[PDB]
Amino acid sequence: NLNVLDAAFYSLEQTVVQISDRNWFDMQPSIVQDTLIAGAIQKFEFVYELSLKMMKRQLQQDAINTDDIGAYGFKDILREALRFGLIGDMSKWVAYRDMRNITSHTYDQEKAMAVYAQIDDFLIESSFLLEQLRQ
């Protein structure tokens, strides 16, 4: 499992890299560009959703009990994830959830630009998150 989040993190990272190579990206027809952006938003969603689940799982393995939060709030998952040092800034994640909740609006190109602009930062935290989880 953790391998899966790991494979999904890299594929996202790799994807931003290709899109970053501004030489090759600007050459491509516009439909190729917007499809890569969408594929990147889709890969963002995977890492985000896989991250929560791995994060919820570590949390359940380290708690006094799973009854408490696992049927309880996002924010509570974060604070707790923060306490065990799983993440560094629950404000990045509150933001990430806001991001994920609107990816379904991504057919609008502006909105797509807006989500893609936040992905590089996104890679940072999730990178941290996963490092934590490897240990």
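Numbering starts at 1 and follows the sequence shown.
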Exercise for the section: State which stretch shows the higher mean Cα B factor in the entry: 28-36 or 94-102. Expected result: 94-102
Completion exercise
Going by the entry, of stretches 107-115 and 7-15 the one with greater average Cα B-factor is 107-115
Completion exercise
Entry-reported C-alpha B-factor of residue 54 relative to its chain, by third, is middle
Exercise for the section: Would you please rank residue 120 by its C-alpha temperature factor against the other modelled residues of its chain and give the third it falls in: lowest, middle or highest? Expected result: highest
